[PDB]
Amino acid sequence: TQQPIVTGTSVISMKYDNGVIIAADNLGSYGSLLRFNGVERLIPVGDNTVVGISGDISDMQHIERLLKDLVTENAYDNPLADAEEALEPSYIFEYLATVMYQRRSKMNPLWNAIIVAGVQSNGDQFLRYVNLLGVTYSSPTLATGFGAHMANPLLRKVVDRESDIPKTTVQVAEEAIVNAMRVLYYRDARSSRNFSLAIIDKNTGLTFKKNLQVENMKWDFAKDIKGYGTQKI
Amino acid sequence: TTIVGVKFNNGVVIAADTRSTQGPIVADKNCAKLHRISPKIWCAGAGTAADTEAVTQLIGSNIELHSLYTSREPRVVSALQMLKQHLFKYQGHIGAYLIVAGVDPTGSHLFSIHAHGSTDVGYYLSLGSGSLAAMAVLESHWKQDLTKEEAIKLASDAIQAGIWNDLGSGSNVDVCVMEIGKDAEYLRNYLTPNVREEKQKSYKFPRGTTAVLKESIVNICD
Amino acid sequence: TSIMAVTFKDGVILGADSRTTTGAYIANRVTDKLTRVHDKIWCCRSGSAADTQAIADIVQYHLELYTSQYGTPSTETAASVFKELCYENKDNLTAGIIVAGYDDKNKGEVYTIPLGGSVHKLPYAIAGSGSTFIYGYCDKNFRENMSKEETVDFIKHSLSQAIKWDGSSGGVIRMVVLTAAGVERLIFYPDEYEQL
Amino acid sequence: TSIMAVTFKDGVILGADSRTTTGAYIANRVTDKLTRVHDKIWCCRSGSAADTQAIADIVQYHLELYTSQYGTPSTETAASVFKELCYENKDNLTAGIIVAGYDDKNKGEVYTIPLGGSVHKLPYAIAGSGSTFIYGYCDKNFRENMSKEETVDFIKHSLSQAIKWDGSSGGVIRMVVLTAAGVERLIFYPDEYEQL
Amino acid sequence: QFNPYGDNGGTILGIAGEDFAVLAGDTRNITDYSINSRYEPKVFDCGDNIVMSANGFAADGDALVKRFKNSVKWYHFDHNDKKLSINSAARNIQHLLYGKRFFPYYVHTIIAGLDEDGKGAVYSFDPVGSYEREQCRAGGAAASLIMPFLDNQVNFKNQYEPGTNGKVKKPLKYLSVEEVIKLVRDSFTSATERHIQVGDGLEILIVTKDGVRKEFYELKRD
Amino acid sequence: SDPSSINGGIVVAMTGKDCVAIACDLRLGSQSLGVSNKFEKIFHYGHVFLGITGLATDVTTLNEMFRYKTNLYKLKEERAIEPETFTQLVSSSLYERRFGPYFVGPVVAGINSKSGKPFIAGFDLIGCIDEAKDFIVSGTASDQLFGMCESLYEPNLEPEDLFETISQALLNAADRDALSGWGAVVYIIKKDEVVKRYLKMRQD
Amino acid sequence: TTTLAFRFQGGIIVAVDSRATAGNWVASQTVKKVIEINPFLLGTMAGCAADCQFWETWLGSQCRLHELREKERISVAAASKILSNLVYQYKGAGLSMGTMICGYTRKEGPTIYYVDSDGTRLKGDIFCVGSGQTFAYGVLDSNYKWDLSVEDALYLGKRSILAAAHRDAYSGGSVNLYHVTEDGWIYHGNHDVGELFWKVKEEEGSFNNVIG
Amino acid sequence: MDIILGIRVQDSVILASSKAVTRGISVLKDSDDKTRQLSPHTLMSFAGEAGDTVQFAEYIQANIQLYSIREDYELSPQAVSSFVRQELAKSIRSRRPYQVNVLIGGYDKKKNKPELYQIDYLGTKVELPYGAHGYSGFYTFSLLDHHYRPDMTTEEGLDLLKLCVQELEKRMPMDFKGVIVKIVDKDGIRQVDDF
Amino acid sequence: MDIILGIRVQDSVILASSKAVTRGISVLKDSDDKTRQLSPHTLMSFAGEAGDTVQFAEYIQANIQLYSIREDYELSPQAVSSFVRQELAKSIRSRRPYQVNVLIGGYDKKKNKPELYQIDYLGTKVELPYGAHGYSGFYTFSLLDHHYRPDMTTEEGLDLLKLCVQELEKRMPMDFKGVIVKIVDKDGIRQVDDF
Ligand SMILES: *[C@@](C)(CO)[C@](*)(O)[C@H](Cc1ccccc1)NC(=O)[C@H](Cc1ccc(OC)cc1)NC(=O)[C@H](C)NC(=O)CN1CCOCC1
Ligand SMILES: *[C@@](C)(CO)[C@](*)(O)[C@H](Cc1ccccc1)NC(=O)[C@H](Cc1ccc(OC)cc1)NC(=O)[C@H](C)NC(=O)CN1CCOCC1
Ligand SMILES: *[C@@](C)(CO)[C@](*)(O)[C@H](Cc1ccccc1)NC(=O)[C@H](Cc1ccc(OC)cc1)NC(=O)[C@H](C)NC(=O)CN1CCOCC1
Ligand SMILES: *[C@@](C)(CO)[C@](*)(O)[C@H](Cc1ccccc1)NC(=O)[C@H](Cc1ccc(OC)cc1)NC(=O)[C@H](C)NC(=O)CN1CCOCC1
Ligand SMILES: [Mg+2]
Ligand SMILES: [Mg+2]
Ligand SMILES: [Mg+2]
Ligand SMILES: [Mg+2]
Ligand code: NA
């Protein structure tokens, strides 16, 4: 039985025609205190997978070490470690999903919500979620925390079902993700302006973008707002 | 529930879904969450269904009497003040979360009231279980100097976000447009994107299927 | 919330953020926490939005009725009415209010009223959840008899830090200037204050 | 507690107050919260005195055994051992530790380990109950590549404010300077820092 | 305090014919008032002409299905590729569930297939292992809505022969696969209307001696 | 100690072509113990019918209360109360007890004598009106009734057909609820004739 | 549930209902609450369905192992005690079982043992177990005599379950009858209450509380 | 308190009520009459919380007797039962409710019919051919379902009642020290002294 | 379970034990023997938590019988009681203690004296002229304080015991369905069939 201390907020993601996009802000909250501002919550595994993690940061750092160790262990006695027998997103996910459910069953969970985004060896897009309860699900769009409430509605307007994926380009998909991150900065009290974004394409590969900022924000209309009702001045 | 309010050029528009729940069960598939306080002051309600209805009727009654007393068309701030003082008095036990809007001699207005009696002001607002789905849309597409047709679209789009993505919201979209200098138009079932598909079979029973023990004529007359 | 009120040479300035939270959700990102109870007597509200709102409305009513009978009330009088409500209903209220006003005799005055309902007259006052992070900064940087421009910078820099560290604070920085000249409303957007 | 560790040009400086409380009673007013785990690797302890003490003793033992086999450990290695204890025993510990050390290759380094057991490498770090009051001040005043004298003043002024506002903090300000030159212990009494 | 259980919603339904059996289930996955997936299958082909679904807490349901699939695999290894009969699978599942009697799998389980005489079979389980063979069974969130409908339309309960003075019951008879699928589709559309955790899509798995076939149908997405 | 599920019971109402139907079970128990198999839950005030489920003492109390109120209505108005108006009276009366409510689930059914339109409505224990074209359900087997009505119902049924549909909705829903059943009554209501039938159902 | 079993001149009668509950939700109406352990041993089920189902099937496996090892059918006493010693090991953990081990052996004769989840084990001539045990006792006790005929005893057992199925909200479905003699157990059919009630009411003239 | 039964037959209503008054581990009395005569042809038995029972019974008794004197007329059993129900229906939403369950047996002289009403402390009224309060019902209802006939005589009703008491004495955990039986018919109320 | 009594007289020990086995609102059995013979001249009655009672009694019985076979010798009542006490003294600090109270009546053949030991579930042993467990003692102890004499015969002891059962049947709330009486003397253990 735990309680989360230093926490990370929403992780959002979606599929597009050739691959997947995933994003998450760089904040490490300590309750209401916005304590740490240089936290990377997107962790690449190889050149074909990115794991986005929210929840407890100490448990996130533990998972980082497991994935780091997984790459090492896979390389052992494996001449095709950088080829046919490289780590797939589906392998990495199933490993984590096994761990998450084992820990909840021992009543000592890893207090996290995880999204594994990647591209398989056959070109298929991989996007699947797992959390502290060991609950798993997949969808064209996936998000954690506040992202589930605010991002998914926006991302589902772009890709509402499976047939909408081939029709969605990387330019359109990235635009929707960046818009969603802005909306979260407006409305999530444990979010930050700075964030990271990752694209895993079946042609261009892994593109990891750091130090992004939310921009083109609408604040001007605030100047006209007075009191809470009757106040004219 | 999912409810919104949006300001535009010459007035204000409010909208709502039409689902009513009792646990995980849908009690009413086409309920009316848009309430008339006065002819040109309408209220969208989320929370405890009976509270939103009763509190809106009570203040609407007192507003009518006030309008008759003062020989003036009622103001939105009067409804806002009366509602918030009533709700505050009951310390949140009357679970009404309202979006109050309307036009009056002062202009066009848009407010929100919480159950505990706190009021907000804004150009676009959303309340209820699907308020986060709706506000995501409003924050994405809202802009200054909206037209009437643009505001109705934005409002109904915000409600749709709740209908599809929130389990506490569903069925149809109701709208009410309050423009300055015009009558307020109440658009009941403005959108109906959740029509039930034809059933595969008719379950009309053969007459005599049900076993009966007694029969009798009931007297309803005097 | 992060709120503050600072006296200076020509009068007093009130300052506040614009964030209203229901948990970790921001219900309103453009809130006006600076409220008028009289021409040149304003207050900063922190705590329960419903409670502070109801109190400010009653005080506005009392001071309007005071003005009708006895003329313009003092800032001390306004603070006394706030206190009386906050103290006598302390078991049912969660309101931390800063009262600030401008007389011509007494110039700028600031009174802070914490949870208990006690009154404290000060040169400057800070309150709200985000005030904890700027006690050190505000104490080191505050000076008496500052100019208008210095006081605006003091409040801007202070609330900037409070907003930076407090998740319950954010949005725009609203300010209200109270002098003999009149009442001036100021606003400052994230793109400006964030990179101070 | 109020504690902090700050990197600078020549290395790193650790700083702390000297107050130990059992409720509102000050059990020890001359506490030494700066503890040596290795020649030039020290830590600042906040939280449970018993827990942080037991941890530091185990870490000192591990690094002594490390040195016997593999030579001088890095500051990162020291922080890793702290983390491992704090993370794996998070349900039974209340320890907020700042680890600071000086390598000749890596120069001054600071790692903070909050309650959860997470590790965060930073330019400077603040912790303890009194740190809340100086987030604003420290962010505005910290600069990279400061001198020794500037860094001492930064810590002195910062902890001065933390002590001023936090009742759980007080007494003297102890500091430990970690450079290539060696290890220097500093102390500052109330009569000096109070009137800054 | 940490709560190890959750509710992922949805609902499932199994009907047995003379020479076939169906096991249906909606494809919606939820937590609280949010939708996680609109298409997340929970009816699986487990081999040996057995289909299985464990509805309730998805993590427990996936774990159970995974364990049973693995049980079938080792049954082949240990008993010379013998086919696991539906009655033997049921008993095996009881032991899987009861093994966690004091820390249960929060799922209502249903399996379907053909018995050793070639006739359609449906077995249903409680969360701790009690099981029973039936012609009909609904499980999950909307089981209370669907089940009485099946009692009426599959086992002809409360239906008497017209003109017999409620003395002669409507005779029991097997249904065609075409009639059964009509009942499944009508059952799920009705359940989708009044239960917020049910919707999005419907996936049916039909089992005959020829193997396992699938059918998919859209459901309302509100 | 959940007032709504001590005594048990169900009520369902449906609309047809120029007709309405309202039905109820006959059980009254004290949790597991069945006490009475004659406890009817449908009452009428003129041509307006009211069914009430929930705590039996409140069911009896409300009947007596609405009889009281409709009798005075008739004396002063010099006419029988209509379903739409009665529905509003029920809502008022229930919300009057907002913070100490009657633990009931009432259902109004009837035909407007002026317009001829069939009318049904349902309420929560505090007064929220639930108007419906098709059907209204109430009781301890409300989930079951929702599932039966939502599948079996079709619009514009003739009185003789509507009787079969509502009776089968009630019967099969009641058999999946432990606290409902033990007999049943169905009212078929036309513009100027009302037939009441007692159903034969399983007695367990 | 409602289960009974009584001893008489012509052996043992065993009668049970067939309802399963999940609160006020009727989970089933067609459940088997008697387990045929061997041609001479029966076991009734009441309480948690899974506990009853699982452990009484397990009991049958233990009784089979006994006759393999000892080349002799297990006694009713020994069979009941295996089960009672098992549940006593789990005492406090939360098992809910109300059982009756009924059977015939040469050394014992017709014998009934009541066994429950808190470790109680009692030999006796008459027992009624379950949520509706009291309703069954009322009819059974007031009509019971040792000298009942096989025909009358079968009916009394059937009528006692019917009585409970009627009044007890958590009992019903159908009646499953059994008769245990020196030659073993004999099944006497499944009797749906939907038809049995009206048949009994008409023929017997009882159940005057109900609207005929 | 504990056991109170009621059986309506062809021409009379028979009420049986246990004689034991227990407090703690002591039976304080074994001859207690748990009933009051409300009017010449109406009898009310009662059971429930200590003190509340008698206080309520006597309060009702006083009111019915007051009515009788005022109008020089006996209220019908139906009318008395409705009055009693309303008093309990008020009570349940009071600061301290009466925790009393009652059976009202009466003979309506205008209809020439016996009537038995069962009312619990919530104010839940039902007319019945036979009734019981408390745990008694769990045995007697099923027993009476079997043995009761609507056209029975008073003597047949007493034998039917003996069958209930015997079953209760056999299977009930507590010693209730037998019952006081009373018959209500056209000639009024009388007590059976040898039961 | 509930009522177990014991009376030591001149030449014997008499144990009375109630026959009722109640669960819930049903008396499941009215002929239950709440005792086990530990050895030819030692008898143990028991009362307490369901299941625990018999499980404990039979466990002790098995151990004493094992000792008898091993040594070809009967343990003294004092020795048996000390063994039983120690088992309960262990039990009370176990994960799940035996909630069983016992009376051990025995005839010591070496001393030619009857002996009665009262041991509660905590392992609290006392030798007594008369003993009881549960609520029974609240009536019987004072009664025996008055009527008991140390030099009484077995017949006088049975009359003294009848006086206890009568008092309990009068004042105890629950119906305990009479008692099974057993006598322990120089000739061993025998049961009184007509009580
Ligand atoms: C969405 C649907 C909430 O899920 C809306 O808020 C909706 C608002 C609404 C307004 C007017 C007309 C219809 C609908 N709210 C509800 O439908 C509401 C949900 C709700 C239930 C219980 C609550 O407090 C415990 C709060 C909100 N449903 C109801 O009010 C239903 C009709 N009534 C009840 O469930 C009965 N309540 C009475 C009050 O006390 C608890 C039980
Ligand atoms: C910051 C956010 C924290 O102190 C500010 O004080 C801010 C002040 C403010 C906000 C809006 C308008 C004027 C002034 N306070 C809030 O935003 C306030 C946070 C808060 C709520 C309740 C409190 O104790 C009762 C204390 C602080 N937010 C609200 O009041 C919002 C509108 N409502 C709720 O959270 C609903 N509450 C009602 C009270 O009970 C808990 C749920
Ligand atoms: C400041 C004072 C408070 O945050 C510091 O963190 C300081 C750190 C310190 C003190 C001495 C040496 C090195 C570092 N902490 C304390 O003074 C500490 C306060 C504290 C107590 C308990 C805590 O949770 C378990 C957290 C902080 N004081 C003590 O440890 C004193 C010596 N002992 C107690 O107060 C006894 N505790 C035992 C644990 O539970 C409650 C009572
Ligand atoms: C009557 C109907 C009252 O229940 C009978 O006792 C009946 C007996 C019976 C025997 C064999 C097969 C089916 C039914 N009992 C039940 O139907 C039983 C009631 C009950 C539930 C839980 C209990 O304690 C744990 C005790 C009695 N119903 C069930 O077992 C139902 C089908 N299953 C569940 O409630 C599942 N629960 C069991 C406990 O663990 C969590 C899941
Ligand atoms: Mg200090
Ligand atoms: Mg929806
Ligand atoms: Mg029943
Ligand atoms: Mg009653
Ligand atoms: Na039950």
# chains A, B, ... in the order shown; residues from 1 in each chain; ligands from 1
$ residues_near_ligand --ligand "ligand 7" --cutoff "7 Å" --atoms "only C-alpha atoms and all ligand atoms" --output "short mmCIF file (atom, residue, chain, number, x, y, z; two decimals) with N, CA and C atoms, in the first residue's frame"
data_model
loop_
_atom_site.label_atom_id
_atom_site.label_comp_id
_atom_site.auth_asym_id
_atom_site.auth_seq_id
_atom_site.Cartn_x
_atom_site.Cartn_y
_atom_site.Cartn_z
N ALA F 178 -36.23 -10.97 -6.10
CA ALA F 178 -36.66 -11.72 -4.92
C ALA F 178 -37.78 -11.01 -4.17
N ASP F 204 -43.43 -17.71 -5.93
CA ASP F 204 -42.20 -17.90 -5.16
C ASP F 204 -41.29 -16.67 -5.22
N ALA G 164 -41.81 -23.09 2.02
CA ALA G 164 -40.69 -22.17 2.17
C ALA G 164 -40.43 -21.38 0.89
N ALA G 165 -40.52 -22.06 -0.25
CA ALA G 165 -40.37 -21.42 -1.55
C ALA G 165 -41.36 -20.27 -1.71
N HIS G 166 -42.55 -20.45 -1.14
CA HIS G 166 -43.60 -19.44 -1.20
C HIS G 166 -43.28 -18.23 -0.33
N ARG G 167 -43.04 -18.47 0.96
CA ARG G 167 -42.84 -17.38 1.92
C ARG G 167 -41.44 -16.76 1.88
N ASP G 168 -40.41 -17.59 1.81
CA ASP G 168 -39.03 -17.10 1.77
C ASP G 168 -38.75 -16.52 0.40
N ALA G 169 -38.34 -15.26 0.37
CA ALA G 169 -38.00 -14.56 -0.87
C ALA G 169 -36.74 -15.12 -1.53
N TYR G 170 -35.85 -15.71 -0.72
CA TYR G 170 -34.58 -16.25 -1.19
C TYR G 170 -34.63 -17.77 -1.37
N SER G 171 -35.83 -18.30 -1.60
CA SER G 171 -36.03 -19.71 -1.92
C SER G 171 -37.07 -19.83 -3.01
N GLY G 172 -36.97 -20.89 -3.81
CA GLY G 172 -37.91 -21.11 -4.89
C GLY G 172 -37.33 -21.86 -6.07
#
$ residues_around --residues "residue 108 in chain A" --least-positions-apart "4" --cutoff "9 Å" --atoms "only C-alpha atoms" --output "PyMOL selection string"
(chain A and resi 1-2+102-104) or (chain E and resi 2)
$ residues_around --residues "range 133-146 of chain C" --least-positions-apart "2" --cutoff "9 Å" --atoms "only C-alpha atoms" --output "PyMOL selection string"
(chain C and resi 6-10+123-124+126+129-131+148-151+154-155+158-159+161-162+165-166) or (chain D and resi 131-138+140+158+160-162+164-165+196)
$ closest_residue --among "E:13, E:30, E:177, E:50" --to "chain A" --atoms "only C-alpha atoms"
E:30
$ residues_near_ligand --ligand "ligand 9" --cutoff "9 Å" --atoms "only C-alpha atoms and all ligand atoms" --output "JSON list (two decimals) with N, CA, C and O atoms, in the first residue's frame"
[["chain", "number", "residue", "atom", "x", "y", "z"],
["F", 32, "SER", "N", -36.81, -10.69, 3.78],
["F", 32, "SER", "CA", -36.97, -12.05, 3.24],
["F", 32, "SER", "C", -38.38, -12.61, 3.45],
["F", 32, "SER", "O", -38.86, -13.41, 2.65],
["G", 1, "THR", "N", -31.70, -20.27, -0.05],
["G", 1, "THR", "CA", -32.05, -21.70, 0.07],
["G", 1, "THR", "C", -32.95, -22.24, 1.16],
["G", 1, "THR", "O", -33.09, -21.68, 2.20],
["G", 20, "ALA", "N", -30.85, -19.65, -6.69],
["G", 20, "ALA", "CA", -29.56, -19.06, -6.35],
["G", 20, "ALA", "C", -29.74, -17.55, -6.35],
["G", 20, "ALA", "O", -30.37, -16.99, -7.25],
["G", 21, "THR", "N", -29.17, -16.89, -5.34],
["G", 21, "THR", "CA", -29.35, -15.45, -5.18],
["G", 21, "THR", "C", -28.02, -14.71, -5.17],
["G", 21, "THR", "O", -26.98, -15.26, -4.82],
["G", 22, "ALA", "N", -28.08, -13.44, -5.59],
["G", 22, "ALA", "CA", -26.97, -12.52, -5.48],
["G", 22, "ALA", "C", -27.55, -11.22, -4.94],
["G", 22, "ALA", "O", -27.75, -10.25, -5.68],
["G", 23, "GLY", "N", -27.85, -11.22, -3.65],
["G", 23, "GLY", "CA", -28.61, -10.14, -3.03],
["G", 23, "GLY", "C", -30.08, -10.38, -3.31],
["G", 23, "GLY", "O", -30.59, -11.47, -3.04],
["G", 24, "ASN", "N", -30.76, -9.38, -3.86],
["G", 24, "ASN", "CA", -32.16, -9.52, -4.25],
["G", 24, "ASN", "C", -32.29, -9.96, -5.70],
["G", 24, "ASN", "O", -33.40, -10.22, -6.18],
["G", 47, "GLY", "N", -25.80, -22.09, 1.46],
["G", 47, "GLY", "CA", -24.79, -21.08, 1.78],
["G", 47, "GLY", "C", -24.14, -20.59, 0.52],
["G", 47, "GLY", "O", -24.80, -20.46, -0.51],
["G", 48, "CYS", "N", -22.83, -20.32, 0.59],
["G", 48, "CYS", "CA", -22.08, -19.91, -0.59],
["G", 48, "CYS", "C", -22.06, -21.05, -1.59],
["G", 48, "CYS", "O", -21.61, -22.16, -1.26],
["G", 130, "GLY", "N", -30.94, -23.55, 5.72],
["G", 130, "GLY", "CA", -31.04, -22.48, 4.73],
["G", 130, "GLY", "C", -31.82, -21.29, 5.23],
["G", 130, "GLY", "O", -32.32, -21.29, 6.36],
["G", 131, "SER", "N", -31.92, -20.27, 4.39],
["G", 131, "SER", "CA", -32.66, -19.04, 4.70],
["G", 131, "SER", "C", -34.13, -19.30, 4.99],
["G", 131, "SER", "O", -34.76, -18.57, 5.76],
["G", 169, "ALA", "N", -38.34, -15.26, 0.37],
["G", 169, "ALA", "CA", -38.00, -14.56, -0.87],
["G", 169, "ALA", "C", -36.74, -15.12, -1.53],
["G", 169, "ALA", "O", -36.57, -15.02, -2.75],
["G", 170, "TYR", "N", -35.85, -15.71, -0.72],
["G", 170, "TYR", "CA", -34.58, -16.25, -1.19],
["G", 170, "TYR", "C", -34.63, -17.77, -1.37],
["G", 170, "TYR", "O", -33.60, -18.45, -1.29],
["G", 171, "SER", "N", -35.83, -18.30, -1.60],
["G", 171, "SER", "CA", -36.03, -19.71, -1.92],
["G", 171, "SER", "C", -37.07, -19.83, -3.01],
["G", 171, "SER", "O", -37.96, -18.99, -3.13]]
$ residues_near_ligand --ligand "ligand 8" --cutoff "7 Å" --atoms "only C-alpha atoms and all ligand atoms" --output "PyMOL selection string"
(chain F and resi 35) or (chain H and resi 118-120+124-126)
$ write_last_selection --atoms "N, CA and C atoms" --output "PDB file, in the first residue's frame"
ATOM      1  N   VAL F  35     -45.229 -11.187   3.584  1.00  0.00           N
ATOM      2  CA  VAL F  35     -46.288 -10.980   4.571  1.00  0.00           C
ATOM      3  C   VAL F  35     -47.670 -10.960   3.927  1.00  0.00           C
TER       4      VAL F  35
ATOM      5  N   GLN H 118     -52.733  -6.235  10.673  1.00  0.00           N
ATOM      6  CA  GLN H 118     -51.350  -6.271  11.132  1.00  0.00           C
ATOM      7  C   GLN H 118     -50.660  -4.958  10.781  1.00  0.00           C
ATOM      8  N   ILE H 119     -50.175  -4.254  11.804  1.00  0.00           N
ATOM      9  CA  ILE H 119     -49.519  -2.957  11.633  1.00  0.00           C
ATOM     10  C   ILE H 119     -48.161  -2.968  12.332  1.00  0.00           C
ATOM     11  N   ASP H 120     -47.094  -2.670  11.591  1.00  0.00           N
ATOM     12  CA  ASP H 120     -45.759  -2.577  12.191  1.00  0.00           C
ATOM     13  C   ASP H 120     -45.462  -1.148  12.642  1.00  0.00           C
ATOM     14  N   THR H 124     -47.190   0.331   8.675  1.00  0.00           N
ATOM     15  CA  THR H 124     -47.483  -0.507   7.513  1.00  0.00           C
ATOM     16  C   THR H 124     -48.667  -1.418   7.834  1.00  0.00           C
ATOM     17  N   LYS H 125     -49.847  -1.067   7.323  1.00  0.00           N
ATOM     18  CA  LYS H 125     -51.078  -1.802   7.628  1.00  0.00           C
ATOM     19  C   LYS H 125     -51.457  -2.798   6.535  1.00  0.00           C
ATOM     20  N   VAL H 126     -51.901  -3.980   6.961  1.00  0.00           N
ATOM     21  CA  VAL H 126     -52.430  -5.000   6.061  1.00  0.00           C
ATOM     22  C   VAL H 126     -53.545  -5.774   6.765  1.00  0.00           C
TER      23      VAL H 126
END
$ residues_around --residues "residue 150 in chain H" --least-positions-apart "3" --cutoff "12 Å" --atoms "only C-alpha atoms" --output "ChimeraX atom specification"
/G:205-210 /H:7-13,114,128-130,144-147,153-154,156-157
$ residues_near_ligand --ligand "ligand 3" --cutoff "7 Å" --atoms "only C-alpha atoms and all ligand atoms" --output "list in words"
residues 1, 2, 19, 20, 21, 22, 23, 27, 31, 32, 33, 45, 46, 47, 48, 49, 50, 52, 94, 128, 129, 168 and 169 of chain D
$ atom_distance --atom1 "CA of residue 165 in chain B" --atom2 "CA of residue 134 in chain B"
9.4 Å
$ interface_residues --of "chain A" --to "chain B" --cutoff "9 Å" --atoms "only C-alpha atoms" --output "list in words"
residues 146, 149, 150, 151, 152, 153, 154, 156, 157, 179, 180, 182, 183, 184, 186, 187, 218, 221, 222, 225, 226, 227, 228, 229 and 230 of chain A
$ residues_around --residues "residue 194 in chain G" --least-positions-apart "6" --cutoff "9 Å" --atoms "only C-alpha atoms" --output "ChimeraX atom specification"
/F:201-204 /G:173-174
$ closest_residue --among "A:121, A:3, A:74, A:32" --to "chain C" --atoms "only C-alpha atoms"
A:32
$ decode --residues "range 153-176 of chain H" --atoms "C-alpha atoms" --output "compact mmCIF listing (two decimals), in the first residue's frame"
# COMPACT_ATOMS: atom_id res chain seq x y z
CA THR H 153 -64.97 -22.46 13.42
CA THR H 154 -63.58 -20.84 16.59
CA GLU H 155 -62.81 -24.30 18.01
CA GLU H 156 -61.00 -25.27 14.80
CA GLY H 157 -59.13 -21.95 15.03
CA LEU H 158 -57.98 -22.72 18.58
CA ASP H 159 -56.67 -26.15 17.50
CA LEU H 160 -54.91 -24.42 14.60
CA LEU H 161 -53.45 -21.99 17.16
CA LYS H 162 -52.31 -24.84 19.45
CA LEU H 163 -50.43 -26.21 16.45
CA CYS H 164 -48.57 -22.88 16.14
CA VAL H 165 -47.68 -22.64 19.84
CA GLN H 166 -46.38 -26.24 19.81
CA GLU H 167 -44.15 -25.51 16.82
CA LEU H 168 -42.83 -22.32 18.44
CA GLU H 169 -42.16 -24.07 21.77
CA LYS H 170 -40.20 -26.72 19.82
CA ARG H 171 -38.04 -24.51 17.57
CA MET H 172 -37.83 -21.04 19.18
CA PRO H 173 -34.61 -20.38 21.15
CA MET H 174 -36.24 -18.42 23.99
CA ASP H 175 -38.69 -19.60 26.65
CA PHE H 176 -41.74 -17.35 26.19
